[PDB]
Amino acid sequence: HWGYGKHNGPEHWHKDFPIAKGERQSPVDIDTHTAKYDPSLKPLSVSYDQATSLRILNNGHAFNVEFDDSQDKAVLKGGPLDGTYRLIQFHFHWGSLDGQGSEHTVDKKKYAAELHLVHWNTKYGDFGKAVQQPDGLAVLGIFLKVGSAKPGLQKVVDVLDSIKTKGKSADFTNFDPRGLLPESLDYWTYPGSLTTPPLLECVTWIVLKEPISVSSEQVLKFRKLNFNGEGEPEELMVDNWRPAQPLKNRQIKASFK
Ligand SMILES: NS(=O)(=O)c1nc2ccccc2s1
Ligand SMILES: NS(=O)(=O)c1nc2ccccc2s1
Ligand SMILES: [Zn+2]
């Protein structure tokens, strides 16, 4: 029902998901003048050594690379987090042109795309119970700037022809998500929400300060995907980003000075 087009785009979501006007919506602009260093924060612990990728799926809004989350195999700990969050999937949001596509912005600067590695708090047992809790998810957000190609990303860009349309999926095993991480894990953190419907306010956002680089050829391949299913009228999957929502009564913390 909902989408990114002009008649079903983010400005409409509130009529079916009233939480769209809640007080902890994502994404937001990260005002680095206002963000507050908190040297009580811990270092993030990203353990993806045993990550087990299963499959890549075009879901009509973006593409997800899904992981086996049935055990504590790839988990995120530390930082602002209490307890252990299991990786379930990653996906990206991106623009029709290089100067837009990211969902978070940094001092109003937009990046060409953003990667979200989605993880859920193991104290809730499964992902569907976790989304109903204010501390249920932790999403690691990583900006993409256009520059020199990312080898770790090429493996994702090479399978996209096989999931070109909505509902198509392809086996995608032995993919190592470590190859999508920048050198530094310095970050900003704030309490927020899912950025697509149901827009639930269940997310601790951890947004990395250092972007990764992707080539112009690589982000071109994202923009060749289709929102529509096979058979249907072609609608390029581009601009599948929600714009920044009001910070309201929230503090963004920084792991670094
Ligand atoms: N509120 S919404 O889920 O974004 C939505 N917008 C529209 C527009 C036309 C038809 C159905 C929906 S459902
Ligand atoms: N874009 S996001 O905030 O990482 C995200 N949104 C949603 C909505 C429904 C189910 C999974 C996710 S993960
Ligand atoms: Zn996302």
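Residues numbered from 1 in each chain as written, not as in the entry; some residues may be left out. Chains lettered and ligands numbered in written order. Heavy atoms only, no water. Residues with missing side-chain atoms left out of burial classes, pairs and counts.

X-ray crystallography is the method the PDB entry states for this structure, with the resolution given as 1.75 Å.

Participant: Explain the UniProt feature "binding site: substrate" in the protein chain here, please?
Facilitator: The UniProt entry lists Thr-195 and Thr-196 under the feature "binding site: substrate", expressed in the numbering used here. For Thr-195, a relative accessible area of 5% translates into the label buried. Apart from the residues lying within four places of it in its own chain, the contact partners of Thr-195 are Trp-13, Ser-26, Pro-27, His-93, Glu-103, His-116, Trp-205 and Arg-242. Within polar-contact distance, the side chain of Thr-195 engages the side chain of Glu-103 at 2.6 Å. Position of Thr-196 among the secondary structure elements: in the loop between β12 (187-192) and β13 (203-208). Dropping the residues within four chain positions of it, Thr-196 is found in contact with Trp-2, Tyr-4, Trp-13 and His-93. (UniProt positions renumbered as here; feature names shortened; annotations may be inferred. Buried < 20%, exposed > 50% of the residue type's maximum accessible area, 1.4 Å probe, protein only. Contact = heavy atoms within 4.5 Å. Polar contact = N/O pair within 3.5 Å; in protein donor to acceptor, adjacent residues only side chain to side chain. Helix = DSSP H or I, 4+ residues; strand = E, 2+ residues; numbered from the N terminus.)

Participant: Teacher, can you tell me more about the site of ligand 2 here?
Facilitator: The local shell around ligand 2 consists of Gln-89, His-91, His-93, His-116, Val-118, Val-139, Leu-194, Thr-195, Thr-196, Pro-197 and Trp-205. In this structure, a nitrogen atom belonging to ligand 2 sits 3.3 Å away from a side-chain N or O atom of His-91. Here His-116 contributes a side-chain N or O atom positioned 3.3 Å from a nitrogen atom of ligand 2. Protein chains shield 86% of the accessible area of ligand 2, which is 340 Å² for the free molecule. Elements with a minimum of two residues in the shell around ligand 2: β7 (85-94) and β9 (113-121). Ranked by the residues each element gives to the shell around ligand 2, the list is headed by β7, at three residues. The residue inventory of the shell around ligand 2, partitioned by class, reads five nonpolar, six polar and no charged. (Near = heavy atom within 4 Å. Areas by Shrake-Rupley, 256 points an atom, 1.4 Å probe, with all protein chains shown as cover. Nonpolar A, V, L, I, M, F, W, Y, C, P; charged D, E, K, R; others polar.)

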